[PDB]
Each structure stands twice: as C-alpha cells, then as structure tokens.
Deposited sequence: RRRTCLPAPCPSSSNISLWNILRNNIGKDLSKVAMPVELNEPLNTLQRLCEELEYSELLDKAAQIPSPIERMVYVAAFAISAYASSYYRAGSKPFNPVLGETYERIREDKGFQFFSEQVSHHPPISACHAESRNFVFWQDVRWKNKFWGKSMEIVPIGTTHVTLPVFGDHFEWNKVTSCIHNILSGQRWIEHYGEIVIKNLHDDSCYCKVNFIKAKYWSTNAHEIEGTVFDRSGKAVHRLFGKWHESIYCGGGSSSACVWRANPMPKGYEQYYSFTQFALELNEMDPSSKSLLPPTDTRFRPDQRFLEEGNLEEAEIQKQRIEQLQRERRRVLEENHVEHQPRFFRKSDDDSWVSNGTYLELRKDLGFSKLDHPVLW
C-alpha cells in the first residue's frame, strides 16, 4: 500500500546533491520507527521492567542514522509543518518548524498507548575534516495507563571523514527519568569508538532503583540489537528492522523513511498547505531532477528571507500555528493540529505561503 521506491536512484548554501529528500521534521518522525516498544511498555505493570523498554525506545532512535552519513536532511523553512497519521502503527504525528534563527523543530504524536513529543535544536560545527552535532532539547513520553511521564536527553553525534570513507558515531550519556515515579531511573552510555578497533557503536546502560542499586543492565549496538540482563537471565529487547533490498539506491533509507514523504492522493486534501509533501525541491530530488531541485531550493530560501525581512520591518514576531512556547522555553502542542485536521478546518488559519 505504501511505496517501496523513489522514481529515481540517489545521485552518485548546500548543493542539493548532498541532500536526502527528507527534512528535520521528518527525521523526528523517524524516531517512531519502533513505536511498538511503547505499546509493549504500556503493558508491563512493573515500572523497572517498563523502563527497560522505554530505554530501548530511546536507543532505537539512533539506528537509522547508521547508513545515512552521506546525506543531509533539508532545513525546513519557518512555518513549515509535517504530519504522519499511521493507522498501522496506531499514532498521529505532526510537527512544525517553530524557529529558523536559530533552527528549532517541534513535534508531537498521539497514540492510544502513549504521547510522544519534543522540540530540538541542533548545533553543527566542523572540526577539521569532521562534523560535530550537538542537540539541545528534551524528549518526552507519557504512558497514560500508568501515569508515566518519561523524559530524557539526546547525545552528541560525529560524522567522521566528511570521502566515501565517512562514518557517523554517537557518544555521551542518556539519562531517563520518570517524573511521576522516582522508584527507578536509567543511564545509557553511548561509547565513543577507539582507533585501534573496528568495534564501534556500543551501548552500555543500567536501570537503577531509587537508591542507585543496579537492577538491569542494557548492552549491545545501537544500530543492531539491544539486550537486557537482570540476574541469571537475559533477553533481546530490541533489534533493527532489516534494510530493504537495494536500499542504497535510495539514500540508504529504511522502509519507514521511504514512506515518509509519499503523497497519498486520497488524503492530500486533508493536509494544510505548509506540509513538507508539497515542498517542490525535495520532490524534484526524489525524481532525480537535480537542476530543478537546486533552483527550487534556492527559491524557497529566498522566499523565507523576504518573509523574515517583511516581518521585522513591520515589527511582527513569527507565530507558530500548532505549538506554543512553555515557561521552559520548550515548545509544546497547543492542542489544535489534529482537531483542525479532523474538522477539515485548516482553511480557518492564515498559513504562510512557503513555496
């Protein structure tokens, strides 16, 4: 039912040839590739075993990045949105680029079993021949059935040898807490690789009780599989979905990623006009038309600049449509996107014209 190809193979201010045809909002949606971990967490009465699956969920967010070091996602323009209603996975995702200077992406997804949301700001920085990626923002998951509210941070990424001998790495510590239950917390270390070994991508984690005693260990590789151990017992709690055959020909997308930008002709009229699916530069890139992709990308950046200039001449601050700024200065859904969609009410908002 959903596509498993693009019209054209991937090519063998940034030139479009370096882009993949997804943007930052869509990469947020990719963090729900393994949302079945939350469905399973919502069925585990014990908060300590449940924390294991949330941790695996947090780790699973990194898997897809393994094959994608060669490509850069599009920067959404200010006011761009992206939705993703997945009956199959039982969630409704939507997102919005709420700031461009600096770039901030916000997202929110509802399921009968969980609510997932975050806002993220990425700081890039080139260091010699390599690029350091430093995210700011917190990820949240609630599991209503238990009153759980988990929160955790992202770690640092590095893209090395920025040649075809390039590779991405993640390292740092994730700390996961449940704000409604201090009975346990979790710390996960993404181990930085060593020059003497090919062995990389390793994860070492522990679920601690409130006193700091170790109850479960977590270990494995963030692009492969993760195991849980807990006194004489051990189990695989997660593994990566296999890449589709010939996946390299389409930006090395997972099957999930390949589905994200697809325009479904039956549900098209349900979308607000800021949805990424309408963005023409990404669509030309999918079609292998690099020249027109580049023209459209430059044009879209120009439109964004002119719009920003007008706003500051009129002393007007940009106002996101589906997210509001909390006291945290974090961005959260204002509870209107899915309600307006359902009610066919997108016309009732004044949408910036982005392309």
Gaps in the model (deposited sequence, numbered from 1): 13-33, 184
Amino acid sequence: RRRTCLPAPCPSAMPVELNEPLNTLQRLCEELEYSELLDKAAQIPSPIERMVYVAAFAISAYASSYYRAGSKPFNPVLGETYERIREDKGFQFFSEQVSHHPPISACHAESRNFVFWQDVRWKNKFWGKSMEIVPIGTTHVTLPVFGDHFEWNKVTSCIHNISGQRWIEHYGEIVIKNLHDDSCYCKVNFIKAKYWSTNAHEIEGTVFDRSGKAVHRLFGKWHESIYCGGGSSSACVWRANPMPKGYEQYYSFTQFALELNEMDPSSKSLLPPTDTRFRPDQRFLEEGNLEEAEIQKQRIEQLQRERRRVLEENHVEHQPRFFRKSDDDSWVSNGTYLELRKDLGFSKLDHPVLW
From here on, numbers count along this sequence of modelled residues.
Mean Cα B-factor comparison, 167-175 or 90-98, giving the higher one as deposited: 167-175
Segment of higher mean CA temperature factor, 309-317 or 284-292: 309-317
Out of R112, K125, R277, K187, residue topping the C-alpha B-factor column of the entry: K125
Highest-ranked of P273, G205, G231, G79 once sorted by CA temperature factor in the record: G231
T139 by Cα B-factor - lowest, middle or highest third of the modelled chain: lowest
Third assignment of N75 from its chain's C-alpha B-factors: lowest
Record-listed C-alpha B factor of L349: chain third: highest
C107, C-alpha B-factor rank within chain (lowest, middle or highest third): lowest
Within-chain third of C29 by Cα B-factor, per the entry: lowest
